[PDB]
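Student: Sharing input_16.cif here; it has mmCIF, N, CA and C atoms.
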```cif
data_model
loop_
_atom_site.label_atom_id
_atom_site.label_comp_id
_atom_site.auth_asym_id
_atom_site.auth_seq_id
_atom_site.Cartn_x
_atom_site.Cartn_y
_atom_site.Cartn_z
N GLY A 1 2.72 15.05 8.05
CA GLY A 1 3.76 14.22 7.40
C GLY A 1 3.39 13.83 5.97
N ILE A 2 4.27 13.06 5.33
CA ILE A 2 4.17 12.79 3.90
C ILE A 2 2.95 11.93 3.58
N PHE A 3 2.42 11.17 4.56
CA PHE A 3 1.28 10.29 4.33
C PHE A 3 -0.02 10.86 4.90
N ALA A 4 -0.09 12.19 5.09
CA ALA A 4 -1.32 12.81 5.54
C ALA A 4 -2.44 12.51 4.55
N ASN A 5 -3.62 12.19 5.09
CA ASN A 5 -4.82 11.92 4.31
C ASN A 5 -4.70 10.62 3.52
N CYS A 6 -3.69 9.79 3.81
CA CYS A 6 -3.55 8.48 3.18
C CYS A 6 -4.06 7.41 4.13
N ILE A 7 -4.85 6.48 3.58
CA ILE A 7 -5.36 5.34 4.31
C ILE A 7 -4.92 4.10 3.54
N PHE A 8 -4.02 3.32 4.15
CA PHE A 8 -3.43 2.16 3.51
C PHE A 8 -4.11 0.89 3.99
N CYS A 9 -4.69 0.12 3.06
CA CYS A 9 -4.98 -1.29 3.32
C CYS A 9 -3.68 -2.09 3.18
N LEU A 10 -3.28 -2.81 4.24
CA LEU A 10 -2.06 -3.60 4.22
C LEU A 10 -2.39 -5.08 4.00
N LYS A 11 -1.95 -5.59 2.85
CA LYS A 11 -1.98 -7.01 2.55
C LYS A 11 -0.55 -7.51 2.42
N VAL A 12 0.12 -7.66 3.57
CA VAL A 12 1.55 -7.97 3.62
C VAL A 12 1.80 -9.17 4.53
N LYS A 13 0.92 -10.18 4.42
CA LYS A 13 0.89 -11.36 5.28
C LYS A 13 2.23 -12.10 5.31
N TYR A 14 3.00 -12.06 4.21
CA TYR A 14 4.17 -12.91 4.10
C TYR A 14 5.46 -12.18 4.45
N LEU A 15 5.37 -10.90 4.82
CA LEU A 15 6.53 -10.17 5.29
C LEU A 15 6.90 -10.68 6.68
N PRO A 16 8.20 -10.66 7.05
CA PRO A 16 8.59 -10.88 8.44
C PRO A 16 7.87 -9.92 9.37
N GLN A 17 7.61 -10.36 10.61
CA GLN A 17 6.81 -9.58 11.54
C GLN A 17 7.45 -8.21 11.77
N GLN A 18 8.78 -8.17 11.87
CA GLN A 18 9.50 -6.94 12.14
C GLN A 18 9.26 -5.91 11.03
N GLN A 19 9.14 -6.38 9.78
CA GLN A 19 8.91 -5.50 8.64
C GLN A 19 7.46 -5.03 8.60
N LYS A 20 6.51 -5.91 8.92
CA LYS A 20 5.12 -5.51 9.02
C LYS A 20 4.97 -4.37 10.02
N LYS A 21 5.60 -4.52 11.20
CA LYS A 21 5.52 -3.54 12.26
C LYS A 21 6.12 -2.22 11.78
N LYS A 22 7.25 -2.30 11.07
CA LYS A 22 7.96 -1.11 10.62
C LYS A 22 7.16 -0.37 9.55
N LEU A 23 6.46 -1.11 8.67
CA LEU A 23 5.59 -0.51 7.69
C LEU A 23 4.51 0.30 8.42
N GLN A 24 3.90 -0.32 9.43
CA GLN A 24 2.85 0.31 10.22
C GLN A 24 3.36 1.58 10.92
N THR A 25 4.51 1.49 11.59
CA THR A 25 5.01 2.63 12.34
C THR A 25 5.49 3.73 11.38
N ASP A 26 6.05 3.36 10.22
CA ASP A 26 6.42 4.35 9.22
C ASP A 26 5.19 5.11 8.74
N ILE A 27 4.07 4.39 8.55
CA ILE A 27 2.84 5.01 8.10
C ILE A 27 2.30 5.93 9.20
N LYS A 28 2.17 5.42 10.43
CA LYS A 28 1.53 6.18 11.49
C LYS A 28 2.37 7.40 11.88
N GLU A 29 3.70 7.24 11.94
CA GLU A 29 4.58 8.32 12.38
C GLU A 29 4.63 9.45 11.36
N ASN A 30 4.16 9.20 10.13
CA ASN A 30 4.24 10.18 9.06
C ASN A 30 2.84 10.57 8.56
N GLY A 31 1.85 10.51 9.46
CA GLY A 31 0.56 11.16 9.25
C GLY A 31 -0.48 10.26 8.60
N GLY A 32 -0.15 8.99 8.35
CA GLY A 32 -1.05 8.10 7.63
C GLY A 32 -1.87 7.24 8.59
N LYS A 33 -2.85 6.53 8.02
CA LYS A 33 -3.60 5.51 8.75
C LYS A 33 -3.53 4.21 7.96
N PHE A 34 -3.78 3.09 8.64
CA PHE A 34 -3.76 1.81 7.96
C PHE A 34 -4.88 0.93 8.50
N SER A 35 -5.26 -0.04 7.67
CA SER A 35 -6.25 -1.05 7.99
C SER A 35 -5.81 -2.35 7.34
N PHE A 36 -6.34 -3.47 7.83
CA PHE A 36 -6.05 -4.76 7.21
C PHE A 36 -7.18 -5.12 6.24
N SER A 37 -8.25 -4.32 6.24
CA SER A 37 -9.43 -4.57 5.41
C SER A 37 -9.47 -3.55 4.27
N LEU A 38 -9.91 -4.00 3.08
CA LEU A 38 -10.10 -3.12 1.94
C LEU A 38 -11.53 -2.57 1.96
N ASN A 39 -11.66 -1.24 1.98
CA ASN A 39 -12.96 -0.60 1.95
C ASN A 39 -12.88 0.67 1.09
N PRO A 40 -14.03 1.31 0.77
CA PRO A 40 -14.04 2.50 -0.07
C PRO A 40 -13.18 3.66 0.41
N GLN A 41 -12.88 3.73 1.72
CA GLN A 41 -12.12 4.86 2.26
C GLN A 41 -10.61 4.67 2.06
N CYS A 42 -10.16 3.46 1.72
CA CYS A 42 -8.74 3.22 1.46
C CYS A 42 -8.31 4.09 0.26
N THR A 43 -7.15 4.75 0.39
CA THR A 43 -6.54 5.49 -0.71
C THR A 43 -5.51 4.62 -1.42
N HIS A 44 -4.90 3.70 -0.67
CA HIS A 44 -3.83 2.84 -1.15
C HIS A 44 -4.05 1.43 -0.63
N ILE A 45 -3.55 0.45 -1.40
CA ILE A 45 -3.42 -0.91 -0.89
C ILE A 45 -1.99 -1.35 -1.16
N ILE A 46 -1.33 -1.83 -0.09
CA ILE A 46 0.05 -2.26 -0.13
C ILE A 46 0.04 -3.79 -0.16
N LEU A 47 0.71 -4.34 -1.17
CA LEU A 47 0.69 -5.76 -1.45
C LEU A 47 2.11 -6.29 -1.53
N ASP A 48 2.48 -7.21 -0.63
CA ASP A 48 3.78 -7.86 -0.74
C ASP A 48 3.73 -8.82 -1.93
N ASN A 49 4.91 -9.36 -2.30
CA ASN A 49 5.06 -10.13 -3.52
C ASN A 49 4.15 -11.36 -3.55
N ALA A 50 3.97 -12.02 -2.39
CA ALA A 50 3.28 -13.30 -2.34
C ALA A 50 1.78 -13.14 -2.12
N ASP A 51 1.29 -11.92 -1.87
CA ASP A 51 -0.15 -11.70 -1.74
C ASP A 51 -0.75 -11.37 -3.10
N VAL A 52 -2.00 -11.80 -3.33
CA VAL A 52 -2.70 -11.52 -4.58
C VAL A 52 -4.09 -10.99 -4.26
N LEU A 53 -4.73 -10.38 -5.27
CA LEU A 53 -6.05 -9.78 -5.12
C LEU A 53 -7.03 -10.53 -6.01
N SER A 54 -8.23 -10.76 -5.48
CA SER A 54 -9.32 -11.35 -6.24
C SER A 54 -9.86 -10.34 -7.24
N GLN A 55 -10.67 -10.83 -8.19
CA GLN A 55 -11.33 -9.96 -9.15
C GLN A 55 -12.28 -9.03 -8.40
N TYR A 56 -12.92 -9.54 -7.33
CA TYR A 56 -13.81 -8.72 -6.53
C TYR A 56 -13.04 -7.53 -5.96
N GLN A 57 -11.87 -7.81 -5.38
CA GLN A 57 -11.06 -6.77 -4.78
C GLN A 57 -10.59 -5.78 -5.85
N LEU A 58 -10.16 -6.30 -6.99
CA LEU A 58 -9.68 -5.46 -8.08
C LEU A 58 -10.79 -4.54 -8.58
N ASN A 59 -12.03 -5.05 -8.65
CA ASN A 59 -13.19 -4.26 -9.02
C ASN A 59 -13.44 -3.14 -8.02
N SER A 60 -13.32 -3.46 -6.73
CA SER A 60 -13.49 -2.48 -5.67
C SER A 60 -12.44 -1.38 -5.80
N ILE A 61 -11.19 -1.80 -6.08
CA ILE A 61 -10.05 -0.90 -6.20
C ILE A 61 -10.27 0.08 -7.35
N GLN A 62 -10.74 -0.44 -8.50
CA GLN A 62 -11.00 0.37 -9.68
C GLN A 62 -12.10 1.39 -9.37
N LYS A 63 -13.22 0.88 -8.85
CA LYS A 63 -14.38 1.69 -8.51
C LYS A 63 -14.03 2.82 -7.55
N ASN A 64 -13.15 2.57 -6.58
CA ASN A 64 -12.91 3.52 -5.51
C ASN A 64 -11.59 4.27 -5.71
N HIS A 65 -10.94 4.08 -6.87
CA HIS A 65 -9.71 4.77 -7.22
C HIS A 65 -8.61 4.53 -6.18
N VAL A 66 -8.46 3.27 -5.74
CA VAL A 66 -7.42 2.92 -4.79
C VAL A 66 -6.12 2.67 -5.57
N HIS A 67 -5.01 3.21 -5.06
CA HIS A 67 -3.68 3.00 -5.63
C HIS A 67 -3.08 1.69 -5.11
N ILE A 68 -2.73 0.77 -6.02
CA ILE A 68 -2.06 -0.47 -5.64
C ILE A 68 -0.55 -0.22 -5.67
N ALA A 69 0.13 -0.55 -4.56
CA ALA A 69 1.56 -0.33 -4.43
C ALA A 69 2.22 -1.49 -3.69
N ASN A 70 3.55 -1.59 -3.83
CA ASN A 70 4.35 -2.55 -3.07
C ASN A 70 4.91 -1.86 -1.83
N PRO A 71 5.52 -2.61 -0.88
CA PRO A 71 6.15 -2.01 0.29
C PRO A 71 7.21 -0.95 -0.01
N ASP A 72 7.90 -1.10 -1.15
CA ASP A 72 8.96 -0.18 -1.53
C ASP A 72 8.43 1.25 -1.64
N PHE A 73 7.15 1.40 -2.01
CA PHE A 73 6.54 2.72 -2.06
C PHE A 73 6.68 3.42 -0.71
N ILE A 74 6.40 2.70 0.38
CA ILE A 74 6.54 3.23 1.72
C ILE A 74 8.01 3.43 2.08
N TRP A 75 8.84 2.39 1.91
CA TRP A 75 10.24 2.46 2.30
C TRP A 75 10.95 3.62 1.60
N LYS A 76 10.74 3.73 0.29
CA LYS A 76 11.43 4.72 -0.53
C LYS A 76 10.93 6.13 -0.22
N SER A 77 9.61 6.29 -0.07
CA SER A 77 9.05 7.60 0.26
C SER A 77 9.63 8.11 1.59
N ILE A 78 9.70 7.21 2.57
CA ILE A 78 10.29 7.52 3.87
C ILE A 78 11.76 7.93 3.71
N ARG A 79 12.51 7.15 2.92
CA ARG A 79 13.93 7.39 2.73
C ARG A 79 14.15 8.74 2.05
N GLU A 80 13.31 9.06 1.06
CA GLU A 80 13.47 10.29 0.29
C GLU A 80 12.79 11.46 1.00
N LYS A 81 12.04 11.18 2.08
CA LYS A 81 11.37 12.21 2.86
C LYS A 81 10.37 12.96 1.98
N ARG A 82 9.72 12.21 1.08
CA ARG A 82 8.84 12.78 0.09
C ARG A 82 7.94 11.69 -0.46
N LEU A 83 6.64 11.98 -0.53
CA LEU A 83 5.68 11.05 -1.12
C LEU A 83 6.04 10.90 -2.60
N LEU A 84 6.35 9.66 -3.02
CA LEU A 84 6.81 9.39 -4.37
C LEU A 84 5.63 9.13 -5.31
N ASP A 85 5.97 8.85 -6.58
CA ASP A 85 4.99 8.58 -7.61
C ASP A 85 4.52 7.14 -7.48
N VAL A 86 3.31 6.97 -6.93
CA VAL A 86 2.79 5.65 -6.60
C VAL A 86 2.62 4.80 -7.86
N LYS A 87 2.51 5.44 -9.03
CA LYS A 87 2.35 4.73 -10.29
C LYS A 87 3.60 3.92 -10.66
N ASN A 88 4.76 4.24 -10.09
CA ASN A 88 5.98 3.50 -10.35
C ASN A 88 6.13 2.29 -9.42
N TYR A 89 5.15 2.03 -8.54
CA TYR A 89 5.27 0.97 -7.54
C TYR A 89 4.09 0.01 -7.59
N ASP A 90 3.47 -0.14 -8.76
CA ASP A 90 2.22 -0.88 -8.86
C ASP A 90 2.50 -2.31 -9.31
N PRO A 91 2.32 -3.33 -8.43
CA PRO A 91 2.53 -4.72 -8.86
C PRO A 91 1.57 -5.18 -9.96
N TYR A 92 0.38 -4.56 -10.04
CA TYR A 92 -0.62 -4.95 -11.03
C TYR A 92 -0.57 -4.06 -12.28
N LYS A 93 0.51 -3.27 -12.43
CA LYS A 93 0.68 -2.47 -13.64
C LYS A 93 0.61 -3.37 -14.88
N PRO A 94 1.15 -4.61 -14.86
CA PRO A 94 1.07 -5.51 -16.02
C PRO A 94 -0.35 -5.83 -16.48
N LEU A 95 -1.33 -5.68 -15.58
CA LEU A 95 -2.73 -5.90 -15.90
C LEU A 95 -3.44 -4.57 -16.19
N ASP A 96 -2.73 -3.44 -16.03
CA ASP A 96 -3.27 -2.10 -16.22
C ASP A 96 -4.36 -1.82 -15.18
N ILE A 97 -4.06 -2.13 -13.91
CA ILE A 97 -4.99 -1.92 -12.81
C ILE A 97 -4.30 -1.06 -11.74
#
```
Show the structure stored in the file as structure tokens.

Tutor:
Amino acid sequence: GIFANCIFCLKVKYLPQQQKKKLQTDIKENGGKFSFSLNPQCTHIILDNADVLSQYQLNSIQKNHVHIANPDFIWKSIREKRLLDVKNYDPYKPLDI
């Protein structure tokens, strides 16, 4: 599926439970894996609007080339049946991270 070889750290604490579940099932049903912890093996980190990242986390993300994205990256990729350009879904783009 479109998320093959993708490992998503999910930081989506403030999403409704139904949406958290749907993000997870969208990821798993389309070849991806997810974790709630950020580690070097993560390829992506999904951040809802109300979640933020520490400087420590941002440093880890830079070092390990993790893509920061919003939930829309998942929703839209699923809708379009195609892995989209993750650079257009980066909440920390304003910081150039």

Student: For this file, the PyMOL selection byres ((chain A and resi 66-83) around 5) selects which residues, as an MDAnalysis selection string?

Tutor: chainID A and resid 43:47 61 64:65 84:85 89:90

Student: Run the PyMOL selection byres ((chain A and resi 31) around 5) against the file shown and list the residues it catches, as a PyMOL selection string.

Tutor: chain A and resi 1+3-4+27-30+32-33

Student: To one decimal in Å, tell me the separation between atom CA of residue A:12 and atom CA of residue A:50.

Tutor: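 Distance reported for this atom pair: 8.2 Å.
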
Student: Hey, what does DSSP flag as alpha helix (DSSP H) within chain A? Can you give it to me as a PyMOL selection string?

Tutor: chain A and resi 17-29+55-63+71-80

Student: For a quick check of understanding, using only C-alpha atoms, which of A:60, A:6, A:21, A:96 has the smallest distance to residue A:40?

Tutor: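 Of the candidates, the smallest distance to residue A:40 is held by A:60.
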
Student: Find the residues around residue A:51 up to 8 Å (only C-alpha atoms counted), leave out those fewer than 5 positions away in its own chain, and share them as a list in words.

Tutor: residues 11, 12, 13 and 14 of chain A

Student: Record the distance separating atom CA of residue A:18 and atom CA of residue A:58, expressed in Å with one decimal.

Tutor: 27.9 Å

Student: Taking every listed atom of stretch 60-76 of chain A and adding 5 Å to each side, what centre and edge lengths in Å (one decimal) does the axis-aligned box have, as lines of an AutoDock Vina configuration file?

Tutor:
```
center_x = -1.5
center_y = 1.3
center_z = -3.7
size_x = 35.8
size_y = 19.6
size_z = 22.0
```

Student: Could you pull out the strand (DSSP E or B) residues of chain A, going by DSSP on the backbone, and write them as a PyMOL selection string?

Tutor: chain A and resi 7-11+33-35+44-47+67-69

Student: A:63, A:55, A:37, A:25: which is nearest residue A:95, counting only C-alpha atoms?

Tutor: A:55

Student: Restricted to N, CA, C and O atoms, what does stretch 15-28 of chain A look like when written out as a JSON list (two decimals), in the first residue's frame?

Tutor:
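Result file follows (result.json):
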```
[["chain", "number", "residue", "atom", "x", "y", "z"],
["A", 15, "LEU", "N", -7.11, 14.93, 19.15],
["A", 15, "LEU", "CA", -8.11, 14.51, 18.19],
["A", 15, "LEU", "C", -9.18, 13.71, 18.91],
["A", 15, "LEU", "O", -8.86, 12.99, 19.85],
["A", 16, "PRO", "N", -10.45, 13.76, 18.44],
["A", 16, "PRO", "CA", -11.47, 12.83, 18.92],
["A", 16, "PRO", "C", -11.01, 11.38, 18.77],
["A", 16, "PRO", "O", -10.27, 11.07, 17.84],
["A", 17, "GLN", "N", -11.46, 10.51, 19.68],
["A", 17, "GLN", "CA", -10.99, 9.14, 19.72],
["A", 17, "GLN", "C", -11.25, 8.45, 18.37],
["A", 17, "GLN", "O", -10.42, 7.69, 17.89],
["A", 18, "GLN", "N", -12.42, 8.72, 17.78],
["A", 18, "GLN", "CA", -12.82, 8.09, 16.53],
["A", 18, "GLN", "C", -11.83, 8.43, 15.41],
["A", 18, "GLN", "O", -11.55, 7.60, 14.55],
["A", 19, "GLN", "N", -11.30, 9.66, 15.42],
["A", 19, "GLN", "CA", -10.35, 10.11, 14.41],
["A", 19, "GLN", "C", -8.96, 9.51, 14.66],
["A", 19, "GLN", "O", -8.28, 9.14, 13.71],
["A", 20, "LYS", "N", -8.55, 9.41, 15.92],
["A", 20, "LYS", "CA", -7.30, 8.75, 16.24],
["A", 20, "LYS", "C", -7.31, 7.32, 15.71],
["A", 20, "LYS", "O", -6.31, 6.87, 15.14],
["A", 21, "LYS", "N", -8.41, 6.60, 15.96],
["A", 21, "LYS", "CA", -8.56, 5.21, 15.54],
["A", 21, "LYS", "C", -8.49, 5.12, 14.02],
["A", 21, "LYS", "O", -7.83, 4.24, 13.47],
["A", 22, "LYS", "N", -9.15, 6.06, 13.34],
["A", 22, "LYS", "CA", -9.22, 6.05, 11.89],
["A", 22, "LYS", "C", -7.86, 6.34, 11.27],
["A", 22, "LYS", "O", -7.54, 5.79, 10.22],
["A", 23, "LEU", "N", -7.08, 7.24, 11.89],
["A", 23, "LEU", "CA", -5.73, 7.52, 11.44],
["A", 23, "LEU", "C", -4.91, 6.22, 11.51],
["A", 23, "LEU", "O", -4.22, 5.87, 10.57],
["A", 24, "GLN", "N", -5.02, 5.51, 12.64],
["A", 24, "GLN", "CA", -4.30, 4.26, 12.86],
["A", 24, "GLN", "C", -4.71, 3.20, 11.83],
["A", 24, "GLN", "O", -3.84, 2.54, 11.26],
["A", 25, "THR", "N", -6.01, 3.01, 11.61],
["A", 25, "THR", "CA", -6.46, 1.97, 10.70],
["A", 25, "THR", "C", -6.13, 2.35, 9.25],
["A", 25, "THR", "O", -5.80, 1.48, 8.46],
["A", 26, "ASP", "N", -6.19, 3.65, 8.91],
["A", 26, "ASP", "CA", -5.79, 4.09, 7.58],
["A", 26, "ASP", "C", -4.32, 3.77, 7.34],
["A", 26, "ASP", "O", -3.94, 3.38, 6.24],
["A", 27, "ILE", "N", -3.48, 3.97, 8.37],
["A", 27, "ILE", "CA", -2.06, 3.70, 8.26],
["A", 27, "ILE", "C", -1.84, 2.19, 8.12],
["A", 27, "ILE", "O", -1.17, 1.75, 7.19],
["A", 28, "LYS", "N", -2.42, 1.39, 9.02],
["A", 28, "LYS", "CA", -2.14, -0.04, 9.03],
["A", 28, "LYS", "C", -2.70, -0.73, 7.79],
["A", 28, "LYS", "O", -2.05, -1.62, 7.25]]
```
